[PDB]
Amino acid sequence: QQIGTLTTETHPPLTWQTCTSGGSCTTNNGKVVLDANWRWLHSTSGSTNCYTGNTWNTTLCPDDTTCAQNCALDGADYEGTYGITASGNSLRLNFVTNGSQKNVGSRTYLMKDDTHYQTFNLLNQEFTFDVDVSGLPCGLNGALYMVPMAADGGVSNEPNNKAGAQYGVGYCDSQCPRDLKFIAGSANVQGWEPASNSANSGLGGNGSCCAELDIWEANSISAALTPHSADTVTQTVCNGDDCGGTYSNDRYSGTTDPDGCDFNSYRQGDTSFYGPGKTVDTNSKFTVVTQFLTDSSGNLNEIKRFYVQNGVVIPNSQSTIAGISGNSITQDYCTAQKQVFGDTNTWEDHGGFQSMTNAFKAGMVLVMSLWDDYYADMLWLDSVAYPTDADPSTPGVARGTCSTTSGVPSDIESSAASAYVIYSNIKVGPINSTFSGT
């Protein structure tokens, strides 16, 4: 994709902190950038759209290469168009913004400078942040996570990609998404079909695969921490159903792990721990600490979770499912959890902990998003039963308090139009350097 010249692209400033062993922390001057899929895409020769709503202009885009040559991503009005506002160390994302047009959700990335994403290697470190999910009802997902996207957005070896990280280009994740308009420096017009339900999306012939660390996927009802492995941890391109993942006809046939090794306190049998008025009270802001412990050789072997709220340091809840003990993500837990729930261990199949270790060494980009789910209505995160026809007596089926008919986008984009999430006070450093409490 080309650089559009009709609207200035200004990345909203966002501060975050780096801490060292002593507990002392310094402030970084970061910036946020909107993912390329949300942007206006128009001709390099004027204002004619290359894409509108769910449909490509086939004169401007008769093939994937020519499209990339002809089409430019332009600047975004973060607050007015997308409901994205950054102030100090705080990033707020609104679910629905009714400006001149209707916008639903957003996906943003943390930048080091105006043409490079910030990268993280969190091995033997912790990533910590505050969040307010009180405005997130059933069906919403405020996600804060990491993927090994190229720091420059792909420009160094993609001749038709000039827009790069400056315009939020380069997304990949563990579902090998095919809804991306631009993948590895080519458009995705070939094979494109508009979505059956979503006015503003579709799927193309190719998908964008990489490893994915879902540090945080949550609403006011439930939360999940889920690493996902991949054969090759950085971006690879796939075609059609061989991609695997959500919109494939054969979910587990690809080169990535679409399910991950998840820890949702509710799914692990504790319904009293996280939610409204619970031990982690989603009525109020709380701190989320995620620690990445290593073996003697520097490979990842455990992800621990702590919360801080109202001054109290709260350990992660123990899994109470018979055969699945502990409160952290380890190889023992992942093995046990997949065996006991009867889920396919694609986490292990694509390299597991060694894969995530490789992902961190390659460098992870921080992603902060808010979305609804046209595929499964976020029932995997918050439903009384997923699948909706499964027996709630069977361990692993129940994930939250939401009904099996909750979270339908056409419903919630109206009924939850005021929904939002606020991520704030990001801190990174050695284990136990980023937080304190009783």
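The first residue of the sequence shown is number 1, and the count goes up from there. Only the largest set of C-alpha atoms that superpose within 1.5 Å between the two forms is called the rigid core.
Between 187 to 195 and 270 to 278, which has its CA atoms farther from the current form in 4 other deposited structures of this protein, using a rigid core superposition? Stretch with the larger root mean square C-alpha distance in 4 other deposited structures of this protein: 187 to 195.
Core-aligned, RMS over all structures and residues: is 19 to 27 or 418 to 426 the stretch with the greater C-alpha displacement in 4 other deposited structures of this protein? Looking at 418 to 426 and 19 to 27 in 4 other deposited structures of this protein, the bigger mover is 19 to 27.
Mean C-alpha B-factor higher for 17 to 25, or for 423 to 431? Higher mean C-alpha B-factor: 17 to 25.
Got a sec? Mean C-alpha B-factor, which is higher, 194 to 202 or 87 to 95? If you average the C-alpha B-factors of 87 to 95 and of 194 to 202, the larger mean comes out for 194 to 202.
Given 272, 248, 226, 287, identify the residue with the highest C-alpha B factor in the PDB entry. The listed residue with the largest C-alpha B-factor is 248.
Can you tell me which of 108, 309, 268, 118 has the highest Cα temperature factor in the record? Among 108, 309, 268, 118, the PDB entry lists the largest C-alpha B-factor for 309.
Using the temperature factors of the C-alpha atoms in this entry, rank residue 253 within its chain: lowest, middle or highest third. Highest third of the chain for residue 253's C-alpha B-factor.
For residue 374, the third of its chain into which the C-alpha B factor falls: Highest third, going by the recorded CA B-factors of the chain.
B-factor third for the C-alpha atom of residue 393 within its chain: Top third by C-alpha B-factor.
Quick check on the deposited entry: does the C-alpha B-factor of residue 37 sit in the lowest, middle or highest third of its chain? For residue 37, the deposited C-alpha B-factor lands in the lowest third.
Could you say whether, by C-alpha temperature factor, residue 132 belongs to the lowest, middle or highest third of its chain? Within its chain, residue 132 is a lowest-third residue by C-alpha B-factor, going by the deposited values.
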